[PDB]
Amino acid sequence: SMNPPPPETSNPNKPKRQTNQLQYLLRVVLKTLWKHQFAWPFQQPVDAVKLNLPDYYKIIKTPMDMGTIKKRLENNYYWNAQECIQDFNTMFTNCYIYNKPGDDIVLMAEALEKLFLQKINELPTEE
Ligand SMILES: COc1nc2c(Nc3ccccc3C(C)(C)C)c(C(=O)O)cnc2cc1-c1c(C)noc1C
């Protein structure tokens with residue numbers, strides 16, 4: 001089995017918290033990206049077996065995807081907004097590292113990232 005286990009989406013020992021910033025990240029940021037027409041390749045972990053990408057998990061050692069992020073938010077896995085923002089950045093970065101500049105998947109990622117940055121620019125203050 002050449003896929004690694006997916007990133008954890010819950011952990012009984014990791015402290016849980018709900019902030020208005022994390023609620024914004026689920027209700028506005030994640031929702032906006034999730035339903036976007038280019039979202040689908042990013043909605044679940046990269047299945048390197050089914051996609052026939054043997055070298056993927058030899059190159060990408062910190063995988064991340066929006067399915068994982070969605071579940072983390074729904075499970076109150078994050079303590080703060082920065083943890084979640086970091087996961088989005090990891091997802092985009094992995095795509096830019098593994099794929100060639102100008103590839104369709106890169107253009108899809110760039111479009112989602114632009115939308116992401118717009119919404120993060122409008123992050124609300126802590127209540
Ligand atoms: C190439 O990047 C991906 N492609 C798919 C994918 N389809 C696919 C397969 C080969 C070539 C091109 C594609 C397109 C997405 C451009 C159509 C599928 C699928 O067909 O179900 C699923 N997950 C992916 C993740 C990725 C992906 C992401 C996201 N980041 O790196 C990779 C690699």
Side-chain angles (χ1 to χ4, degrees):
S1 309
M2 195 143 92
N3 286 146
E8 64 177 28
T9 54
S10 62
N11 186 326
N13 297 132
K14 190 179 182 298
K16 306 166 64 174
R17 193 167 71 152
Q18 192 52 291
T19 70
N20 65 295
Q21 284 187 338
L22 282 165
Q23 288 178 337
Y24 174 86
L25 278 159
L26 178 55
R27 297 171 187 177
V28 179
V29 182
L30 186 280
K31 172 58 80 167
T32 294
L33 272 66
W34 187 264
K35 289 302 206 77
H36 193 270
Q37 60 271 28
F38 299 159
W40 63 269
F42 305 89
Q43 286 176 336
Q44 62 286 308
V46 173
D47 189 335
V49 175
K50 298 299 169 63
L51 301 177
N52 202 353
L53 302 174
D55 64 348
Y56 185 79
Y57 291 111
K58 299 185 172 73
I59 294 162
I60 300 304
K61 302 299 190 180
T62 51
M64 186 52 57
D65 65 277
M66 290 201 295
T68 298
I69 294 167
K70 182 169 185 283
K71 289 192 184 298
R72 283 177 172 195
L73 287 164
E74 291 168 348
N75 298 345
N76 305 128
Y77 178 87
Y78 300 119
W79 187 257
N80 63 44
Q82 290 311 320
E83 288 178 317
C84 179
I85 291 164
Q86 283 168 35
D87 280 348
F88 275 106
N89 282 331
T90 294
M91 183 185 77
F92 293 127
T93 299
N94 290 343
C95 186
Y96 303 147
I97 287 169
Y98 181 78
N99 303 284
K100 300 183 175 189
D103 285 349
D104 285 344
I105 193 69
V106 174
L107 300 178
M108 291 169 83
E110 286 175 332
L112 295 170
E113 187 186 19
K114 187 180 176 170
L115 197 50
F116 172 70
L117 293 170
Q118 285 171 0
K119 299 288 180 170
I120 295 297
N121 189 25
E122 297 159 6
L123 190 75
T125 53
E126 308 188 73
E127 282 181 4

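The first residue of the sequence shown is numbered 1, and numbering continues consecutively from there. As the structure lists them, so they are numbered: ligands from 1, and atoms in each ligand from 1.
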Starting from atom 15 (C) of ligand 1, what is the nearest protein heavy atom, named by residue and atom, and what distance separates them? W40 CH2, 3.5 Å
Answer with yes or no whether the side chains of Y77 and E8 bring together a donor and an acceptor at under 3.5 Å. yes
Quick check: closest heavy atoms across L33 and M66, and the distance to 0.1 Å? CB-SD, 3.7 Å
Below 4.0 angstrom, N of the basic side chain to O of the carboxylate: do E83 and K14 qualify? yes
Pick from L30, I85, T32: which one makes a side chain to side chain contact (heavy atoms under 4.5 Å, CB included) with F116? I85
Anything under 30° is parallel, anything over 60° is perpendicular, the rest tilted; go ahead and classify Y98 against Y56. perpendicular
Any non-hydrogen protein atom below 4.0 Å of atom 6 (C) of ligand 1? yes
Residue, atom name and distance, where the atom is the protein heavy atom closest to atom 2 (O) of ligand 1: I105 CG1, 3.4 Å
Applying a heavy-atom cut-off of 4.0 Å, say which part of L51 lies close to ligand 1: side chain, backbone, both or neither. side chain
Residue of the set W40, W34, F38 for which ring-ring contact (aromatic ring centres under 6.0 Å, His included) holds with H36: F38
Check each atom of ligand 1 against the heavy atoms of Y98 and keep those under 4.0 Å away; list them by number with element. 33 (C)
State whether any protein heavy atom lies less than 4.0 Å from atom 11 (C) of ligand 1. no
What protein heavy atom sits nearest atom 25 (C) of ligand 1, and how far away is it? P41 O, 3.6 Å
Are the side chain of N94 and the backbone of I60 linked by a donor-acceptor contact shorter than 3.5 Å? no
Does ligand 1 have any atom sitting under 4.0 Å from a heavy atom of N99? yes
Is atom 18 (C) of ligand 1 touching the protein, meaning some protein heavy atom lies under 4.0 Å away? yes
